[PDB]
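Q: As input, take target_34.cif (mmCIF, C-alpha atoms):
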data_data
#
loop_
_atom_site.label_atom_id
_atom_site.label_comp_id
_atom_site.auth_asym_id
_atom_site.auth_seq_id
_atom_site.Cartn_x
_atom_site.Cartn_y
_atom_site.Cartn_z
CA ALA V 298 -33.35 -5.26 -24.43
CA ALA V 299 -30.56 -2.68 -24.17
CA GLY V 300 -30.78 -2.40 -27.96
CA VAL V 301 -27.26 -3.64 -28.71
CA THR V 302 -27.45 -4.82 -32.32
CA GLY V 303 -25.05 -7.71 -32.74
CA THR V 304 -24.01 -11.22 -31.83
CA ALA V 305 -22.50 -12.11 -28.47
CA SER V 306 -19.83 -14.40 -27.07
CA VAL V 307 -18.05 -15.03 -23.76
CA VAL V 308 -14.32 -14.34 -23.58
CA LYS V 309 -11.48 -14.08 -21.07
CA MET V 310 -9.45 -10.87 -21.08
CA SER V 311 -5.70 -10.29 -21.17
CA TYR V 312 -3.88 -6.96 -21.04
CA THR V 313 -0.40 -5.84 -22.04
CA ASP V 314 1.73 -2.85 -21.10
CA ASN V 315 4.06 -0.86 -23.32
CA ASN V 316 7.02 -2.88 -22.03
CA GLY V 317 5.37 -6.05 -23.36
CA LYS V 318 4.49 -7.51 -19.96
CA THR V 319 1.12 -9.19 -19.54
CA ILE V 320 -1.61 -9.66 -16.94
CA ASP V 321 -5.00 -11.36 -16.88
CA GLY V 322 -8.47 -9.88 -16.54
CA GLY V 323 -11.95 -11.20 -15.86
CA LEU V 324 -14.80 -12.45 -18.01
CA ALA V 325 -16.32 -10.22 -20.67
CA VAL V 326 -19.08 -10.55 -23.25
CA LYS V 327 -17.73 -9.60 -26.67
CA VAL V 328 -19.95 -7.97 -29.29
CA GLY V 329 -17.89 -7.59 -32.45
CA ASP V 330 -15.40 -4.82 -31.70
CA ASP V 331 -16.98 -3.84 -28.36
CA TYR V 332 -16.67 -5.51 -24.97
CA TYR V 333 -18.87 -5.85 -21.89
CA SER V 334 -17.83 -7.17 -18.49
CA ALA V 335 -19.44 -10.28 -17.05
CA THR V 336 -19.68 -12.39 -13.90
CA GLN V 337 -20.26 -16.13 -13.49
CA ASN V 338 -22.88 -17.68 -11.23
CA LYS V 339 -22.49 -20.72 -8.97
CA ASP V 340 -23.56 -22.91 -11.89
CA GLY V 341 -21.40 -21.67 -14.77
CA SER V 342 -24.24 -19.49 -16.05
CA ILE V 343 -23.25 -15.98 -17.02
CA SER V 344 -24.47 -12.50 -16.12
CA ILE V 345 -23.36 -9.10 -17.38
CA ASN V 346 -22.45 -6.48 -14.81
CA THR V 347 -24.89 -3.60 -14.44
CA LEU M 397 -9.76 -25.77 1.11
CA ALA M 398 -6.49 -26.00 -0.78
CA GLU M 399 -6.94 -28.68 -3.43
CA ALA M 400 -4.06 -31.13 -3.65
CA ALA M 401 -1.47 -30.28 -6.31
CA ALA M 402 -1.50 -33.08 -8.87
CA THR M 403 1.51 -31.89 -10.89
CA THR M 404 4.47 -29.56 -10.79
CA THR M 405 3.48 -25.92 -11.29
CA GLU M 406 4.88 -24.28 -14.41
CA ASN M 407 5.76 -20.58 -14.70
CA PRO M 408 5.67 -20.13 -10.91
CA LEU M 409 7.44 -16.77 -10.86
CA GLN M 410 4.86 -15.10 -13.10
CA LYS M 411 2.11 -16.17 -10.70
CA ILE M 412 4.02 -15.03 -7.62
CA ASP M 413 4.62 -11.60 -9.14
CA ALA M 414 0.94 -11.35 -10.06
CA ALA M 415 0.12 -11.93 -6.40
CA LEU M 416 2.62 -9.26 -5.37
CA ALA M 417 0.91 -6.84 -7.75
CA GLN M 418 -2.48 -7.60 -6.19
CA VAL M 419 -1.13 -6.93 -2.71
CA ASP M 420 0.52 -3.64 -3.57
CA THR M 421 -2.52 -2.36 -5.45
CA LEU M 422 -4.64 -2.92 -2.38
CA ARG M 423 -2.07 -1.18 -0.17
CA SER M 424 -2.16 1.84 -2.48
CA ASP M 425 -5.94 2.07 -2.20
CA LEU M 426 -5.79 2.00 1.58
CA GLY M 427 -3.15 4.71 1.71
CA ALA M 428 -5.25 6.95 -0.51
CA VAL M 429 -8.34 6.56 1.64
CA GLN M 430 -6.27 7.33 4.74
CA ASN M 431 -5.20 10.61 3.16
CA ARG M 432 -8.80 11.49 2.35
CA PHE M 433 -9.66 10.95 6.01
CA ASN M 434 -6.88 13.31 7.07
CA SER M 435 -8.29 16.02 4.82
CA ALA M 436 -11.81 15.44 6.12
CA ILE M 437 -10.71 15.72 9.76
CA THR M 438 -8.78 18.94 9.11
CA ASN M 439 -11.83 20.45 7.43
CA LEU M 440 -14.04 19.38 10.32
CA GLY M 441 -11.78 21.07 12.84
CA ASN M 442 -11.75 24.37 10.98
CA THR M 443 -15.49 24.22 10.33
CA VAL M 444 -16.29 23.59 13.97
CA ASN M 445 -14.17 26.53 15.08
CA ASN M 446 -15.80 28.91 12.60
CA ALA O 51 -34.69 62.74 20.49
CA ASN O 52 -37.08 60.04 19.30
CA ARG O 53 -35.44 60.23 15.89
CA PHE O 54 -32.07 59.81 17.57
CA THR O 55 -33.25 56.70 19.40
CA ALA O 56 -34.63 55.20 16.19
CA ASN O 57 -31.31 55.67 14.43
CA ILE O 58 -29.42 54.22 17.40
CA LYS O 59 -31.47 51.02 17.33
CA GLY O 60 -31.04 50.73 13.59
CA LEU O 61 -27.28 51.11 13.68
CA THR O 62 -26.88 48.60 16.50
CA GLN O 63 -28.79 45.98 14.54
CA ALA O 64 -26.71 46.85 11.48
CA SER O 65 -23.58 46.12 13.50
CA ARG O 66 -25.04 42.71 14.27
CA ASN O 67 -25.67 42.09 10.58
CA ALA O 68 -22.08 42.96 9.71
CA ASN O 69 -20.86 40.50 12.34
CA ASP O 70 -22.93 37.82 10.61
CA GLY O 71 -21.20 38.75 7.37
CA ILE O 72 -17.74 38.31 8.83
CA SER O 73 -18.71 34.89 10.15
CA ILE O 74 -19.88 33.59 6.79
CA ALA O 75 -16.77 35.00 5.10
CA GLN O 76 -14.58 33.11 7.56
CA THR O 77 -16.42 29.85 6.96
CA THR O 78 -16.05 30.02 3.19
CA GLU O 79 -12.37 30.98 3.43
CA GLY O 80 -11.79 28.02 5.71
CA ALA O 81 -13.20 25.62 3.14
CA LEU O 82 -11.14 27.15 0.34
CA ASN O 83 -7.96 26.61 2.35
CA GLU O 84 -8.30 22.84 2.29
CA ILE O 85 -9.30 22.86 -1.36
CA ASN O 86 -6.05 24.71 -2.01
CA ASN O 87 -4.01 22.10 -0.14
CA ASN O 88 -5.63 19.37 -2.22
CA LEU O 89 -4.65 21.18 -5.40
CA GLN O 90 -1.06 21.50 -4.18
CA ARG O 91 -0.89 17.74 -3.67
CA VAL O 92 -2.45 17.06 -7.07
CA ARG O 93 0.18 19.22 -8.76
CA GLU O 94 2.88 17.28 -6.91
CA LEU O 95 1.43 14.06 -8.29
CA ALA O 96 1.13 15.47 -11.80
CA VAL O 97 4.82 16.36 -11.67
CA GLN O 98 5.69 12.87 -10.49
CA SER O 99 3.68 11.17 -13.23
CA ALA O 100 5.55 12.65 -16.19
CA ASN O 101 8.75 10.73 -15.39
CA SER O 102 9.17 8.24 -18.23
CA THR O 103 10.45 5.44 -15.99
CA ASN O 104 7.04 4.94 -14.40
CA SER O 105 5.47 1.63 -15.28
CA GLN O 106 1.77 1.65 -16.04
CA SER O 107 0.86 0.13 -12.67
CA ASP O 108 2.62 3.08 -11.04
CA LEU O 109 0.61 5.47 -13.19
CA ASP O 110 -2.47 3.59 -12.00
CA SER O 111 -1.53 4.20 -8.37
CA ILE O 112 -0.84 7.87 -8.99
CA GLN O 113 -4.18 8.20 -10.74
CA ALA O 114 -5.85 6.46 -7.81
CA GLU O 115 -4.64 9.09 -5.36
CA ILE O 116 -5.44 11.88 -7.81
CA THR O 117 -8.98 10.60 -8.19
CA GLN O 118 -9.50 10.35 -4.45
CA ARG O 119 -8.27 13.92 -3.97
CA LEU O 120 -10.66 15.16 -6.64
CA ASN O 121 -13.52 13.25 -5.02
CA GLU O 122 -12.68 14.98 -1.74
CA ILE O 123 -12.77 18.35 -3.50
CA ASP O 124 -16.27 17.59 -4.76
CA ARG O 125 -17.34 16.40 -1.32
CA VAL O 126 -16.30 19.67 0.29
CA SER O 127 -17.91 21.63 -2.53
CA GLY O 128 -21.24 19.86 -2.21
CA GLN O 129 -21.58 19.42 1.53
CA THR O 130 -20.20 22.62 3.05
CA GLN O 131 -22.96 24.85 4.38
CA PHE O 132 -23.57 27.72 6.80
CA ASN O 133 -26.98 28.25 8.38
CA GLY O 134 -28.42 26.02 5.66
CA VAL O 135 -27.00 28.12 2.82
CA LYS O 136 -24.71 25.93 0.72
CA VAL O 137 -21.93 28.45 0.27
CA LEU O 138 -19.85 26.76 -2.43
CA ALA O 139 -22.39 24.70 -4.38
CA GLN O 140 -23.56 27.47 -6.71
CA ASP O 141 -22.83 30.95 -7.94
CA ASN O 142 -24.86 33.44 -5.95
CA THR O 143 -24.79 36.93 -4.48
CA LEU O 144 -25.42 37.82 -0.84
CA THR O 145 -26.19 41.27 0.51
CA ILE O 146 -25.66 42.45 4.08
CA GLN O 147 -27.60 45.38 5.51
CA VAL O 148 -25.04 47.55 7.31
CA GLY O 149 -26.81 50.91 7.47
CA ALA O 150 -30.17 52.21 8.66
CA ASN O 151 -31.49 52.95 5.17
CA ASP O 152 -32.04 51.49 1.72
CA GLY O 153 -28.90 50.53 -0.14
CA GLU O 154 -26.51 51.06 2.79
CA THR O 155 -25.39 47.53 2.07
CA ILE O 156 -22.41 45.33 1.22
CA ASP O 157 -22.39 42.51 -1.32
CA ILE O 158 -20.60 39.17 -1.19
CA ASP O 159 -20.11 37.13 -4.36
CA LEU O 160 -19.85 33.34 -4.25
CA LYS O 161 -18.88 30.75 -6.84
CA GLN O 162 -19.54 27.10 -7.58
CA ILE O 163 -16.19 25.39 -6.96
CA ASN O 164 -15.66 21.71 -7.79
CA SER O 165 -13.82 19.50 -10.26
CA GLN O 166 -16.17 20.54 -13.04
CA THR O 167 -16.01 24.33 -12.73
CA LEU O 168 -12.23 24.03 -12.30
CA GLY O 169 -11.97 22.02 -15.51
CA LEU O 170 -10.19 19.08 -13.88
CA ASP O 171 -12.74 16.25 -14.13
CA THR O 172 -10.83 14.79 -17.09
CA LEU O 173 -7.53 14.81 -15.19
CA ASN O 174 -5.95 11.43 -15.93
CA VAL O 175 -2.35 10.22 -16.04
CA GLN O 176 -3.02 6.70 -17.30
CA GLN O 177 -1.40 5.42 -20.45
CA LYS O 178 -3.45 3.12 -22.63
CA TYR O 179 -3.25 -0.52 -21.76
CA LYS O 180 -3.31 -3.08 -24.55
CA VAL O 181 -6.41 -5.26 -24.82
CA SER O 182 -6.75 -8.81 -26.11
CA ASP O 183 -9.35 -11.50 -25.50
CA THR O 184 -9.72 -15.27 -25.63
CA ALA O 185 -12.70 -17.59 -26.07
CA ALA O 186 -13.91 -18.87 -22.69
CA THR O 187 -16.19 -21.66 -23.88
CA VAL O 188 -18.31 -22.62 -20.87
CA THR O 189 -19.95 -26.00 -21.16
CA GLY O 190 -22.56 -26.26 -18.43
CA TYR O 191 -26.21 -26.31 -17.52
CA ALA O 192 -28.79 -24.70 -15.28
CA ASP O 193 -32.53 -25.05 -14.76
CA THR O 194 -35.27 -22.62 -15.74
CA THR O 195 -38.69 -22.14 -14.16
CA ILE O 196 -40.43 -23.37 -17.32
CA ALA O 197 -42.01 -26.68 -16.40
CA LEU O 198 -41.74 -30.12 -17.97
CA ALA X 51 -28.12 29.68 17.61
CA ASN X 52 -29.79 26.36 18.33
CA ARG X 53 -29.33 25.34 14.70
CA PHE X 54 -25.65 26.24 15.01
CA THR X 55 -25.42 24.10 18.15
CA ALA X 56 -26.87 21.09 16.35
CA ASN X 57 -24.37 21.46 13.53
CA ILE X 58 -21.46 21.76 15.96
CA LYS X 59 -22.36 18.59 17.84
CA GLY X 60 -22.91 16.63 14.65
CA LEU X 61 -19.59 17.68 13.18
CA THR X 62 -17.72 16.67 16.34
CA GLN X 63 -19.25 13.20 16.20
CA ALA X 64 -18.36 13.00 12.51
CA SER X 65 -14.75 13.78 13.40
CA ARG X 66 -14.66 10.79 15.71
CA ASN X 67 -16.17 8.56 13.02
CA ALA X 68 -13.46 9.60 10.57
CA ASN X 69 -10.87 8.65 13.19
CA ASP X 70 -12.37 5.16 13.43
CA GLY X 71 -12.01 4.88 9.67
CA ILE X 72 -8.32 5.78 9.78
CA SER X 73 -7.75 3.13 12.43
CA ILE X 74 -9.31 0.32 10.41
CA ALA X 75 -7.32 1.37 7.34
CA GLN X 76 -4.07 1.18 9.30
CA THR X 77 -4.89 -2.27 10.67
CA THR X 78 -5.59 -3.65 7.22
CA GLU X 79 -2.39 -2.22 5.79
CA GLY X 80 -0.27 -3.78 8.54
CA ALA X 81 -1.67 -7.23 7.87
CA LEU X 82 -0.97 -6.69 4.17
CA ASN X 83 2.64 -5.85 5.05
CA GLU X 84 3.21 -9.18 6.76
CA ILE X 85 1.63 -10.97 3.82
CA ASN X 86 3.96 -9.15 1.44
CA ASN X 87 6.99 -10.34 3.38
CA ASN X 88 5.79 -13.93 3.14
CA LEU X 89 5.27 -13.62 -0.60
CA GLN X 90 8.78 -12.21 -1.01
CA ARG X 91 10.24 -15.22 0.77
CA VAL X 92 8.21 -17.57 -1.43
CA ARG X 93 9.47 -15.87 -4.59
CA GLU X 94 13.06 -16.19 -3.37
CA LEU X 95 12.59 -19.90 -2.72
CA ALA X 96 10.94 -20.36 -6.11
CA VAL X 97 14.02 -18.87 -7.74
CA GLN X 98 16.25 -21.17 -5.71
CA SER X 99 14.20 -24.20 -6.76
#
Written as C-alpha cells, how would this file's structure read?

A:
Amino acid sequence: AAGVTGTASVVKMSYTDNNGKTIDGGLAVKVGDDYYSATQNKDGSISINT
Amino acid sequence: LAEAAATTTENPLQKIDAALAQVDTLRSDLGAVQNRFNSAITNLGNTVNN
Amino acid sequence: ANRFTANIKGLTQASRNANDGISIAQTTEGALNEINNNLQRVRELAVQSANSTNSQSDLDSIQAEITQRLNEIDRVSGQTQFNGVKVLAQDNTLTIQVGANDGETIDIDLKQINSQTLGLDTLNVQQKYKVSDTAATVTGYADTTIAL
Amino acid sequence: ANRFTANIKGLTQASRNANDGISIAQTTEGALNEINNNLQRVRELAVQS
C-alpha cells in the first residue's frame, strides 16, 4: 500500500562501533538493501512502526 | 516473574555491560531534559518581568 | 491657542506610543539573551565532541543534549509573543508613531530566528554505526476475522 | 492591559509546572543511581566467579 516494490522478511538487528564492539537492536523488516523497524504483538504476529 | 535459570549463563559480562549502557543512556536523557527546564524557567522569569 | 492644545494632545499620545516601542524592544531582547546562552552551550559541546577518544555512545549523549538545546531554541522562537504579535517567528517591520504628523515615525525590524534560519538543523556529531542483520524466523499463528 | 494581565498569570503558573517537571526528573535519576551501584557490584562478582 505504501508502494514499496520488493520482497520482505523479518530480521533482528545488530550494530558495531568503530572499535569493533557490538550491541543488539530490535526487530526490523528487511526489503533488499533497505530496512524498516517492526514490533511484535502478543501472539508473535508482526507490525511495522508508523 | 523471573523464570528459573535452567543452565549456567554464558558471556555474563557482556550482558551486564549492556545493562549498564541502558542505565547510563537513560540518565543522560533525564539530565538533558532537566537542563531544558532550567532554560524555560529563566525565560519565563525574564518574560514576566518585561 | 486651540492649535497649541491640539499639538499638545498629539505629542502626549506620541510619548505613549514610544513607551510601547521600548517595551516591545525589551521583550525581544530578553528572548534573544537566552537563545545566546543556548548557543554558548552548544559550542561548548561541539568543542567537546571533536576529541578522538570519545566512544560512539558518548557522541550519542553529546548529540542528545545538543538536540534538546536546539529544540528549546525552536520553542522560544515559535512561542514567544507580545500583545499577540509573535515577535521572533517571522521577518517583519514595525512602525511606531512618535510625532504629531505623517512620517514622524520610527521603524523596528524583526527576524525569524530558529534552528533553520541559523543553519543549524543539520548539526550532528554522531559517527556512523555499523549495521548488520539476522533472520528472525517467527513460527507462530494468529486468527483472522474471516469465518470458517 | 487586561490581556497583559492574563499572560502574566498564565506564565507564572507555567513556571510552577516546569518546577514540578524538574522535581520528577531528579527523583528518577536518583533511583537510577542506586540501580547503577547494584549493577556495578554484580559485575564485580561476575568477574570473581

Q: Would you kindly translate the PyMOL selection byres ((chain O and resi 147) around 9) into the concrete residues it picks from this file, as an MDAnalysis selection string?

A: chainID O and resid 64:65 67:68 145:146 148:156

Q: Chain V residues within 10 Å of chain M, counting all atoms listed in the file: which ones, as number ranges by chain?

A: V: 319-321

Q: Compute the chain X side of the contact with chain O at 10 Å, counting only C-alpha atoms, and hand it back as a list in words.

A: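 Only these qualify: residues 51, 53, 54 and 57 of chain X.
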
Q: Find the residues of chain M in contact range of chain X, meaning any atom within 8 Å when counting only C-alpha atoms, and list them as a PDB file with C-alpha atoms, in the coordinates of the input.

A:
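result.pdb, written as the output of this step:
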ATOM      1  CA  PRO M 408       5.670 -20.130 -10.910  1.00  0.00           C
ATOM      2  CA  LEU M 409       7.440 -16.770 -10.860  1.00  0.00           C
ATOM      3  CA  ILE M 412       4.020 -15.030  -7.620  1.00  0.00           C
ATOM      4  CA  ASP M 413       4.620 -11.600  -9.140  1.00  0.00           C
ATOM      5  CA  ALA M 415       0.120 -11.930  -6.400  1.00  0.00           C
ATOM      6  CA  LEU M 416       2.620  -9.260  -5.370  1.00  0.00           C
ATOM      7  CA  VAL M 419      -1.130  -6.930  -2.710  1.00  0.00           C
ATOM      8  CA  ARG M 423      -2.070  -1.180  -0.170  1.00  0.00           C
ATOM      9  CA  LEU M 426      -5.790   2.000   1.580  1.00  0.00           C
ATOM     10  CA  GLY M 427      -3.150   4.710   1.710  1.00  0.00           C
ATOM     11  CA  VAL M 429      -8.340   6.560   1.640  1.00  0.00           C
ATOM     12  CA  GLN M 430      -6.270   7.330   4.740  1.00  0.00           C
ATOM     13  CA  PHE M 433      -9.660  10.950   6.010  1.00  0.00           C
ATOM     14  CA  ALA M 436     -11.810  15.440   6.120  1.00  0.00           C
ATOM     15  CA  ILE M 437     -10.710  15.720   9.760  1.00  0.00           C
ATOM     16  CA  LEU M 440     -14.040  19.380  10.320  1.00  0.00           C
ATOM     17  CA  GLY M 441     -11.780  21.070  12.840  1.00  0.00           C
ATOM     18  CA  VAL M 444     -16.290  23.590  13.970  1.00  0.00           C
TER      19      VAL M 444
END

Q: At a cut-off of 10 Å, using only C-alpha atoms, what residues contact residue 304 in chain V? Leave out same-chain residues fewer than 6 positions from it and give the result as an NGL selection string.

A: :V and (326-329)

Q: I need the residue set behind the PyMOL selection byres ((chain V and resi 347) around 12) for this file; please write it as a PyMOL selection string.

A: chain V and resi 299+333-336+344-346

Q: Kindly save the residues from that selection, with C-alpha atoms included, as a PDB file, in the frame of the given file.

A:
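result05.pdb written:
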ATOM      1  CA  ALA V 299     -30.560  -2.680 -24.170  1.00  0.00           C
ATOM      2  CA  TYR V 333     -18.870  -5.850 -21.890  1.00  0.00           C
ATOM      3  CA  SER V 334     -17.830  -7.170 -18.490  1.00  0.00           C
ATOM      4  CA  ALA V 335     -19.440 -10.280 -17.050  1.00  0.00           C
ATOM      5  CA  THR V 336     -19.680 -12.390 -13.900  1.00  0.00           C
ATOM      6  CA  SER V 344     -24.470 -12.500 -16.120  1.00  0.00           C
ATOM      7  CA  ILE V 345     -23.360  -9.100 -17.380  1.00  0.00           C
ATOM      8  CA  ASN V 346     -22.450  -6.480 -14.810  1.00  0.00           C
TER       9      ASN V 346
END

Q: Output the contact residues of chain M with respect to chain O at a cut-off of 7 Å, based on all atoms listed in the file, as number ranges by chain.

A: M: 424, 428, 432, 439, 442-443, 446

Q: Can you tell me, as a ChimeraX atom specification, what residues are no more than 9 Å from range 167-174 of chain O when counting all atoms listed in the file, ignoring any on the same chain fewer than 2 positions away?

A: /O:113,116-117,120,162-165,176-177

Q: Given the PyMOL selection byres ((chain V) within 9 of (chain O)) and the file above, list the residues it selects as a PyMOL selection string.

A: chain V and resi 306-316+324-325+327+340-342

Q: One decimal, in Å: what's the spacing between CA of residue 86 in chain O and CA of residue 99 in chain O?

A: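 According to the coordinates, CA of residue 86 in chain O and CA of residue 99 in chain O are separated by 20.1 Å.
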
Q: One decimal, Å: what's the distance from CA of residue 70 in chain O over to CA of residue 157 in chain O, could you say?

A: 12.8 Å

Q: Which distance in Å separates CA of residue 166 in chain O and CA of residue 127 in chain O, to one decimal?

A: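 We find that CA of residue 166 in chain O and CA of residue 127 in chain O lie 10.7 Å from each other.
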
Q: Please supply range 303-333 of chain V, rebuilt with N, CA and C atoms, as a compact mmCIF listing (two decimals), in the frame of the given file.

A:
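What landed in out.txt:
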# COMPACT_ATOMS: atom_id res chain seq x y z
N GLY V 303 -26.17 -6.87 -32.35
CA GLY V 303 -25.05 -7.71 -32.74
C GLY V 303 -25.14 -9.08 -32.12
N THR V 304 -24.16 -9.91 -32.45
CA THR V 304 -24.01 -11.22 -31.83
C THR V 304 -23.10 -11.12 -30.61
N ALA V 305 -23.17 -12.14 -29.77
CA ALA V 305 -22.50 -12.11 -28.47
C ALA V 305 -21.70 -13.39 -28.26
N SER V 306 -20.67 -13.28 -27.43
CA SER V 306 -19.83 -14.40 -27.07
C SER V 306 -19.20 -14.11 -25.72
N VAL V 307 -18.68 -15.15 -25.08
CA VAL V 307 -18.05 -15.03 -23.76
C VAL V 307 -16.56 -15.26 -23.92
N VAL V 308 -15.76 -14.35 -23.37
CA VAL V 308 -14.32 -14.34 -23.58
C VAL V 308 -13.62 -14.03 -22.26
N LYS V 309 -12.33 -14.37 -22.21
CA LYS V 309 -11.48 -14.08 -21.07
C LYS V 309 -10.40 -13.09 -21.50
N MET V 310 -10.19 -12.06 -20.68
CA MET V 310 -9.45 -10.87 -21.08
C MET V 310 -7.99 -10.95 -20.65
N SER V 311 -7.11 -10.43 -21.50
CA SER V 311 -5.70 -10.29 -21.17
C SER V 311 -5.22 -8.92 -21.61
N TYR V 312 -4.39 -8.30 -20.78
CA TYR V 312 -3.88 -6.96 -21.04
C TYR V 312 -2.36 -6.98 -21.15
N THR V 313 -1.83 -6.02 -21.89
CA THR V 313 -0.40 -5.84 -22.04
C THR V 313 -0.03 -4.39 -21.78
N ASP V 314 1.18 -4.18 -21.29
CA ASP V 314 1.73 -2.85 -21.10
C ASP V 314 2.79 -2.57 -22.16
N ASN V 315 3.16 -1.29 -22.26
CA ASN V 315 4.06 -0.86 -23.32
C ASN V 315 5.41 -1.56 -23.27
N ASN V 316 5.80 -2.09 -22.11
CA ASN V 316 7.02 -2.88 -22.03
C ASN V 316 6.85 -4.30 -22.56
N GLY V 317 5.63 -4.71 -22.88
CA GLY V 317 5.37 -6.05 -23.36
C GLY V 317 4.98 -7.04 -22.29
N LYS V 318 4.92 -6.63 -21.03
CA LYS V 318 4.49 -7.51 -19.96
C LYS V 318 2.98 -7.67 -19.98
N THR V 319 2.51 -8.77 -19.40
CA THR V 319 1.12 -9.19 -19.54
C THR V 319 0.50 -9.48 -18.18
N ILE V 320 -0.82 -9.29 -18.11
CA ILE V 320 -1.61 -9.66 -16.94
C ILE V 320 -2.97 -10.14 -17.43
N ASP V 321 -3.73 -10.75 -16.53
CA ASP V 321 -5.00 -11.36 -16.88
C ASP V 321 -6.16 -10.58 -16.27
N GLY V 322 -7.26 -10.51 -17.01
CA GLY V 322 -8.47 -9.88 -16.54
C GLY V 322 -9.56 -10.89 -16.21
N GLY V 323 -10.79 -10.39 -16.15
CA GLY V 323 -11.95 -11.20 -15.86
C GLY V 323 -12.67 -11.67 -17.10
N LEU V 324 -13.95 -11.99 -16.93
CA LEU V 324 -14.80 -12.45 -18.01
C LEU V 324 -15.55 -11.27 -18.62
N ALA V 325 -15.64 -11.28 -19.95
CA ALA V 325 -16.32 -10.22 -20.67
C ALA V 325 -17.12 -10.82 -21.81
N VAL V 326 -18.23 -10.17 -22.13
CA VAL V 326 -19.08 -10.55 -23.25
C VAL V 326 -18.69 -9.69 -24.44
N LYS V 327 -18.24 -10.32 -25.51
CA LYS V 327 -17.73 -9.60 -26.67
C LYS V 327 -18.84 -9.46 -27.70
N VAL V 328 -19.02 -8.25 -28.21
CA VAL V 328 -19.95 -7.97 -29.29
C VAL V 328 -19.14 -7.31 -30.39
N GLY V 329 -18.70 -8.10 -31.36
CA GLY V 329 -17.89 -7.59 -32.45
C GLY V 329 -16.63 -6.91 -31.95
N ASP V 330 -16.56 -5.59 -32.12
CA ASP V 330 -15.40 -4.82 -31.70
C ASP V 330 -15.54 -4.23 -30.30
N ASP V 331 -16.66 -4.49 -29.62
CA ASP V 331 -16.98 -3.84 -28.36
C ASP V 331 -17.18 -4.88 -27.27
N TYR V 332 -16.72 -4.56 -26.07
CA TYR V 332 -16.67 -5.51 -24.97
C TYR V 332 -17.59 -5.08 -23.84
N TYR V 333 -18.11 -6.07 -23.11
CA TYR V 333 -18.87 -5.85 -21.89
C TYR V 333 -18.38 -6.83 -20.84
